[PDB]
Amino acid sequence: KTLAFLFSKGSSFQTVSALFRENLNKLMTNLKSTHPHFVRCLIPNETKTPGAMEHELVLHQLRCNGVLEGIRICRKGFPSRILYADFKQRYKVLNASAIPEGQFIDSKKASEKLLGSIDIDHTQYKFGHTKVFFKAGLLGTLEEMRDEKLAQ
Amino acid sequence: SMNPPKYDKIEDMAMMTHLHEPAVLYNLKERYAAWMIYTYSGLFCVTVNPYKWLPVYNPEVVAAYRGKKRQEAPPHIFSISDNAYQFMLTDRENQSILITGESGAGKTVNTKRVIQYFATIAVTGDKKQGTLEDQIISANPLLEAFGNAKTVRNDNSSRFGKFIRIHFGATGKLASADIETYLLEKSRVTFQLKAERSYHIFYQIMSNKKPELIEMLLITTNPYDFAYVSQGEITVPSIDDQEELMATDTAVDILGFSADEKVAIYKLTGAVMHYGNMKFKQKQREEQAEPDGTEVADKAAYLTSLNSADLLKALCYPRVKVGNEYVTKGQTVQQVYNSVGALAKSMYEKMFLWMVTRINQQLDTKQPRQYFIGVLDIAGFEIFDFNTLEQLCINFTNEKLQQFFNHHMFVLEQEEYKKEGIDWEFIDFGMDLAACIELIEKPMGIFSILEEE
Amino acid sequence: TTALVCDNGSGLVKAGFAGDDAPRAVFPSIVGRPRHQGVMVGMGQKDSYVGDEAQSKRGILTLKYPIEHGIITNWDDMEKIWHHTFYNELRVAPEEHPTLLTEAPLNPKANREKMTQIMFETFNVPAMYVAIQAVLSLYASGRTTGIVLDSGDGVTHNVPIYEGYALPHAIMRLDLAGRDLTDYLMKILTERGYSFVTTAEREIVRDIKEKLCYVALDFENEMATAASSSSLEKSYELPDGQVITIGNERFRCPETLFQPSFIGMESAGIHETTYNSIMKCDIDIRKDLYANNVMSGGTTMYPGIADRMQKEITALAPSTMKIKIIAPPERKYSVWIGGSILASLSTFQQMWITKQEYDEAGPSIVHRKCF
Amino acid sequence: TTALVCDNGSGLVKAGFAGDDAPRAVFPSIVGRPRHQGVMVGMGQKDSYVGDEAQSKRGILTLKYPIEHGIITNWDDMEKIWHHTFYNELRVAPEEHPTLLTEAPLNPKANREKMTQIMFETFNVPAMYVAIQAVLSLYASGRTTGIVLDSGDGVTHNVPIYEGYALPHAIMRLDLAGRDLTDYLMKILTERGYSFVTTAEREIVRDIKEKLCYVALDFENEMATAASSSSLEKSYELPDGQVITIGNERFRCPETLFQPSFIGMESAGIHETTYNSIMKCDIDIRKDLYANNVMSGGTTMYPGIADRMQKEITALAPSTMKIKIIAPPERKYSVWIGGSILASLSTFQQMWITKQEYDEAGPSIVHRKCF
Ligand SMILES: Nc1ncnc2c1ncn2[C@@H]1O[C@H](COP(=O)(O)OP(=O)(O)O)[C@@H](O)[C@H]1O
Ligand SMILES: Nc1ncnc2c1ncn2[C@@H]1O[C@H](COP(=O)(O)OP(=O)(O)O)[C@@H](O)[C@H]1O
């Protein structure tokens, strides 16, 4: 009298790995309804210890943990949004230009002028409606400019 | 040349500004030497077992605020829950939160703490019987033995599929939860290498301590006997299965479910390992595989409350036909051997499946559910120098999960293009890597053609 | 979606999806019609009847038999049968699956061309195939080489198959199947002279062929026992009515296979045909076939055939070399089972006919495209 | 690293590293392909087959034979064979070793030029050499002077070699090898008239050539015994199937070597060719060769050849002077063994072709550079 629950068309004696697909498949289907959320988790250490990093498996785990090639994927995006006010609060320097704050210049305008000195591009940058968008390299070069110019 | 101190102190891998792996890695290592816990990419947080005391838990942050959407607050897994709630609260369709690798201590500890934060959600919702984490703990030790496995590179690691669900008739204090039934790896019963060991239940029970069962089991305390069992490594030196037996007792008694059934139940597994002994023989002028007449079969008969001859005739040359009814005879040695292994495996499977019914019912409540939040343990991929198909298949499933990750991000990011006025110059990541799976999958499956052929 | 196979190996007709162990149900391919004025006005008149429905209804119905000698006699009748089978048993629509067809080998093109023409036009069906019996017989029996004997309801076969290839010259094909034997039976039976001739009366014999037959071990010696004993003689009822009791008339029947004098022909019989067809085929292979010898379906059901066959081969073989035969339990189903296997493998996706070709070229497509 | 040698002396093909005593394994250089529609759809179709794999598979395969008369017939087929041999037996990559090639002497340049061209281009291989059979035969037999007879699968040879030098004018080269003899065998065999002609059927004879042959001591006297006795006659099975029993038809076969009437040619035979080729060569040396007389490979396997050869030379020699012949056990392997020795000595490092030359000049390099 285990046996009733022991006991109880798609296939018979067959399809076996595909059955294992099927088992996943239903799950995947139902998950499609959902919003998923995400955590990826690591032993950085040789061990579970206060003792320090062991790198290489952490490398490969991160290879196994999508963020790495996810970020590969995303860099094509120029996957990047940086806010007007801070950004310009750094960046105005090369324009050496006074036109009043507020919307005499947008950030967009101030860009178009500084870019007019510096760059015309889509790929290195494009405008966003409130925040600003870049090739990874670009912020890097931006502040490279900033230290170089301010030091001189 | 590398993203400078501005980048260097940021919260986010997510907001990268230079892409080569070492950047990410060292920087998070800088968090680590800062001990700075919570790390972000995708839109989501990435986790390390700190291996030390810290009162991360202490409610000053945890209770006092819900907190904030991502940019707005210090990184914390508490966030992900928090905002998933308020998201669902308005949205009112379900969400699960997905937690990868980490296959031993921190994985489980943090899952615990996840439900702890579920308790914090309960406290947020309302406030005025195992504790609900402790209720999951009720499952944990037995289930942990139950589907843990040993990797060459991991020592208690579990190759069931479990999925964890939590269910709301309530948006009050908290409402009750499921843990659920997902891909299970039958083939492990088929095979081990001599370095490697078996579904832990077996290894655990088969230790010596419980004096009555071993003969009640119709078993020798020797693993060595059961070649189908024996295939593995003969011990793990210092995982102490006498006490682990005692823990199994502790849980099964905590079941509040009957001794007689549960003993018969693991005894089923005993029968299963007895089946490894069953071995058939092929006669002159004849192809059939044919019996060793064996106390093993008599043990089976006893435990089953079948008779052995019933096995001998009715299985060992089967009958199937309906509309008239007709008989099946002469199986090959391989046919027999495979067949019986299949049966045994399916039976183990079934037994797991049964565990659902009552275990959950102990969990299960006439408190309603409208809506659902969920937990998963593993997108499990690991490497060995040497490989076997099933593992690769699970890896396939892992990348499939990554399809799911990618195309959701694809959609959402396109929404972010919309957000500040901008037009998509990028195509489905879900599709793009799905093509890589598609090499594995056509209406022809790779797996499909293998098993097919 | 999913894939479905018709067996039209004659006798009861077998149909089932890929991967089921056995077809859902099975039907004789009897067709029958009324014989008498319909005199219950309350009755609905249906003018044609098929299947176990008819098998019940038989008495005033009279039978037509839509396959002679494995050749299907009358197409529209088939279409009736076929339609019925889909809708009544299968609850299936022609679009639903690829469909696989089961053929006597080496027989006139017409069956190919009309069968395909009808089933693509009258039914409209994703993919079509027609396959030769022996291939299935090997796949089910799972030995890539072999020779098969399967003498069904219909025309009776020898094919050696070597692994992965056909020897169509090698092949022998015979109209000796059990039906005609049974009709000879009556010309036996009048000796005891309980005697009846009509189609249904003829099918009544089929039961006796199930129950009462067994294979002669040795003909002379059997006659000697026939003189000695009545244990050779067994007592059997009419399906309803009398008890009937039958002598050598049981065992004499199968010998026709070994000696088709009794309804008289020359082809030197199953076994001598087989060894002949061997001696056609080349020298080295032969041992394998001496090892791998395979039999199936309607006649083979009889207990003992394999034994006297082996006796015969030991006569004809040089005794020096190993001999055995295979006699699986399930032979009568074997074909459709093999068909299921045949259905399973993705390669037919490469291989099926599609509607498109039938659009772009005729029935002619088949005869290149299939064997 | 280490150095590897292919034997492409025809018949089974022999390959092995320097310093192993015997090649790792050996393959016929049969090539064969399907003959029949492939009718197990489950089967993978491979369209070409070689080696013992084919030797098993033969029956539906049909053979091509890529070397006639020691001349290799079809290059791409060779390339198939060659590739297979490396990867399947040898688990070897073309870079791995110098490689040494084994050649019929005095035969058309083309084999040199394409062989080298392919193997430097298609394979890419540190060092290449092609060497004439007799040289190896001496090295293995270890007498610096000599004359060699080795009639393999392929074209049949006389070379006197004196110590350290060639006499290319002296040399005689004949297409009389055992294969063609065997095909004559069938024209014998129809006398008893158990009769079969195809390639595999022809190779079946090879076994009989192993087992059943022996050399006529005296032809007339043998005929007299043939009239007297049946001990001359022995009983042998088909590889499977019948027992077969064979008369003078065994011993008559080798006589063809002495009398190539039976498949009819004029060259006055092995022995008379040899003495002819001697009488070409100069006067003083001759005694040494009368002493040093050496034989190998396929035909020589037969028991007794050396004896009747000596009888023949005692006919043709002035009896006054010593005569003997060498008949080593290992002759069929001899060539590759000698090749191993040839591989051993560092001087080929001076001597190998290198890729560089093949870069800087054509196949033409060989014909200066090698013999
Ligand atoms: N129980 C039985 N014993 C012996 N013969 C039978 C039995 N049942 C059916 N048969 C015979 O087997 C055949 C069934 O048709 P089948 O073998 O499928 O022919 P086909 O090879 O054309 O498909 C018929 O000849 C039928 O009379
Ligand atoms: N056991 C045997 N007895 C006599 N002849 C044999 C035997 N085995 C092989 N041979 C013959 O010897 C030859 C083998 O080829 P081989 O002598 O290597 O030729 P090649 O000189 O071209 O390398 C073939 O003619 C084959 O038929």
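### Thoughts on the nonpolar core
(1) Moving on: Core analysis: the largest hydrophobic core is formed by 62 residues, its most contacted members being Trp82(C), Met119(C), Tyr129(C), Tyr139(C) and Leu342(C).
(2) Moving on: Broken down by element, this core gets its largest block of residues, six residues, from strand β10 (residues 127-132) of chain C.
(3) Moving on: Discounting residues that sit within four places of it in the chain, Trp82(C) has contacts with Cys6(C), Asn8(C), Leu101(C), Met119(C) and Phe123(C).
(4) Moving on: Of all hydrophobic cores here, the second largest spans 34 residues; its members include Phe86(D), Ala127(D), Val335(D) and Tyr358(D).

### A closer look at the UniProt feature "binding site: ATP" in chain B
All names here are of chain B.
(1) Moving on: The feature "binding site: ATP", as given by UniProt, occupies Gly101, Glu102, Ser103, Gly104, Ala105, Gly106, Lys107 and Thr108 in the numbering adopted here.
(2) Moving on: As for its placement among the helices and strands, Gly104 is situated in the loop between β3 (95-101) and α5 (105-125).
(3) Moving on: We classify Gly104 as partly exposed; its relative accessible area is 33%.
(4) Moving on: Locating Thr108 in the fold gives a position in helix α5.
(5) Moving on: Judged by its relative accessible area of 37%, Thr108 falls in the partly exposed class.

### Quick look at the sheet that holds strand β6 (residues 62-64) of chain C
All names here are of chain C.
(1) Moving on: Strand order across the open sheet formed by three strands is β5-β4-β6, with antiparallel pairing between neighbours. The open sheet has two edge strands, β5 (49-50) and β6, and neither has a second partner.
(2) Moving on: Bridging between strand β4 (residues 31-33) and β5 involves two bridges; their strand directions are antiparallel. Within β5, the residue paired with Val31 across the bridge is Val50.

### Thoughts on the interface of chain B and chain A
By a widespread convention, an interface's size corresponds to the accessible area lost as its parts come together.
(1) Moving on: Tallying the contact residues gives 64 residues for chain B and 68 residues for chain A.
(2) Moving on: Counting across the interface, chain B meets chain A through one salt bridge.
(3) Moving on: Notably, a salt bridge pairs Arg81(A) with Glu420(B), separated by 2.5 Å at the nearest N-O pair.
(4) Moving on: Where chain B touches chain A, the interface holds 24 residue pairs in polar contact.
(5) Moving on: Every element with two or more residues in the side of chain B that touches chain A is listed here: α2 (21-33), β2 (44-48), α4 (77-91), β3, α15 (333-363), α16 (389-419), α17 (429-440) and α18 (446-452) of chain B.

### Examining the pattern of salt bridges
Where side chains of opposite charge bring their charged atoms close, a pairing between them can arise.
All names here are of chain C.
(1) Moving on: Summed over the entire model, instances satisfying the criterion amount to 32 salt bridges over all chains.
(2) Moving on: Between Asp218 and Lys311 there is a salt bridge, with its nearest N and O atoms 4.0 Å apart. Placement of the pair is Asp218 in the loop between α6 (199-211) and α7 (219-228) and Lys311 in helix α12 (residues 305-316), with a sequence separation of 93 residues.
(3) Moving on: Residue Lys311 is classed as partly exposed on the basis of its relative accessible area, which comes to 47%.

### Some thoughts on the site of ligand 2
Residues and elements named next belong to chain D.
(1) Moving on: Residues in close proximity to ligand 2 total 13 residues, the closest being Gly9, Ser10, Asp153, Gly298 and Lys332.
(2) Moving on: Here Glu210 contributes a side-chain N or O atom positioned 3.3 Å from a nitrogen atom of ligand 2.
(3) Moving on: The side chain of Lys332 places a nitrogen or oxygen atom 2.8 Å from a nitrogen atom of ligand 2.
(4) Moving on: Protein contacts shield 87% of the accessible area of ligand 2, which totals 570 Å² for the unbound molecule.

### Describing the interface of chain A and chain C
(1) Moving on: Tallying the contact residues gives five residues for chain A and four residues for chain C.
(2) Moving on: When chain A packs against chain C, close to 360 Å² is buried across both sides, 33% of that on carbon and sulfur atoms.
(3) Moving on: Taken as a group, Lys9(A), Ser12(A) and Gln14(A) account for 75% of the area that chain A buries against chain C, more than any other trio of residues on that side.
(4) Moving on: For the interface between chain A and chain C, the tally reads zero salt bridges.
(5) Moving on: Where chain A meets chain C, there are three residue pairs in polar contact.
(6) Moving on: Of the residues contributing to the side of chain A that touches chain C, the split by class is one nonpolar, three polar and one charged.

### Quick word on the site of ligand 1
Residues and elements named next belong to chain C.
(1) Moving on: Near ligand 1, the surroundings consist of 13 residues, among which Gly9, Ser10, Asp153, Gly298 and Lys332 are the closest.
(2) Moving on: Between ligand 1 and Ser10 there is a distance of 2.6 Å, counted from an oxygen atom to a backbone nitrogen or oxygen.
(3) Moving on: In this structure, a nitrogen atom belonging to ligand 1 sits 3.1 Å away from a main-chain N or O atom of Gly298.
(4) Moving on: About the coverage of ligand 1: the protein hides 86% of its 570 Å² of free accessible area.
(5) Moving on: Element by element, the count of residues in the shell around ligand 1 is highest for α6, at three residues.
(6) Moving on: Among the residues forming the shell around ligand 1, the class breakdown is two nonpolar, six polar and five charged.

### Topic: the arrangement of the chains
(1) Moving on: There are four pairs of chains in contact here, and the one with the most contacts is chains A and B.
(2) Moving on: No part of chain B reaches chain D; the closest C-alpha pair between them is 7 Å apart.

### Observations regarding the sheet that holds strand β10 (residues 127-132) of chain D
Sheet strands pair by backbone hydrogen bonding; their relative direction is either parallel or antiparallel.
Residues and elements named next belong to chain D.
(1) Moving on: In space, the six strands of this open sheet follow the order β3-β2-β1-β9-β10-β17, with mixed pairing throughout. Each end of this open sheet is capped by a strand with a single partner; those strands are β3 (25-27) and β17 (353-354).
(2) Moving on: Direction of pairing for strand β2 (residues 13-17) relative to β3: antiparallel, over a ladder of three bridges. Each residue of the ladder has a partner; that of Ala15, found in β3, is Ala25.
(3) Moving on: Contacts from helix α3 (residues 109-121) reach β9 (99-103), β10 and β17 within the one sheet, and its direction differs from that of β10 by about 155 degrees.
(4) Moving on: Helix α13 (residues 331-344) contacts β1 (4-7), β2, β9 and β10 of the sheet and is inclined by roughly 30 degrees relative to β2.

### A look at unusual backbone geometry
(1) Moving on: Even without a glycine there, the phi angle at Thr15(A) is positive, about 65 degrees.
(2) Moving on: Among the secondary structure elements, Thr15(A) is positioned in the loop between α1 (3-7) and α2 (16-32).
(3) Moving on: We note that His69(C) has phi near 35 degrees; this positive angle belongs to a residue other than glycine.
(4) Moving on: Within the secondary structure layout, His69(C) lies in the loop between β7 (67-68) and β8 (71-72).
(5) Moving on: The partly exposed category is assigned to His69(C), whose relative accessible area is 43%.

Rules behind the numbers
Counting of residues restarts from 1 for each chain and follows the sequence as written, so the numbers need not equal those of the entry; residues with no coordinates are not shown. Working convention: letters from A go to chains and numbers from 1 go to ligands, in the order in which they are written. What is displayed is a subset of a larger assembly, so the values quoted cover only the displayed chains. Water and hydrogen atoms were dropped before computing side-chain values, which therefore reflect all heavy atoms in the structure. What makes a nonpolar core is a set of buried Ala, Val, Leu, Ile, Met, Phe, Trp, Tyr and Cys residues whose side-chain atoms join them at distances within 4.5 Å. With a 1.4 Å probe rolled over the protein chains alone, any residue whose accessible area is under 20% of its type maximum counts as buried; one over 50% counts as exposed, and the rest are partly exposed. Per the convention used, a helix needs a DSSP run of H or I reaching at least four residues, while a strand needs a run of E reaching at least two, with both numbered from the N terminus. By the convention used here, residues are in contact when the closest approach between their heavy atoms is within 4.5 Å. UniProt positions are given in the numbering used here, feature names are shortened, and annotations may be inferred rather than shown by experiment. A pair of strands is treated as paired once DSSP finds two or more bridges between them. Within this document, salt bridges are pairs made up of a side-chain nitrogen of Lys or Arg and a carboxyl oxygen of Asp or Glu, the two lying within 4 Å of each other. The term polar contact refers here to a pair of N or O atoms within 3.5 Å; inside protein, the definition further demands a hydrogen-donor-capable atom paired with an acceptor-capable atom, and it admits residues adjacent in sequence only when both atoms are side-chain atoms. We call a residue near a given molecule or strand whenever any one of its heavy atoms falls within 4 Å of it. Only the protein chains shown count as cover for residues, with accessible areas throughout obtained via the Shrake-Rupley method and a probe of 1.4 Å. Buried area is calculated as the accessible area (1.4 Å probe) missing from two parts once they are joined, with the contributions of both summed. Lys, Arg, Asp and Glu make up the charged group, whereas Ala, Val, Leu, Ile, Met, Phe, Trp, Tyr, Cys and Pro make up the nonpolar group; the residues left over, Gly among them, are polar. Here the axes come from fitting lines to C-alpha atoms, over the contacting stretch only for helices, and the angles between their N-to-C directions go from 0 to 180 degrees.

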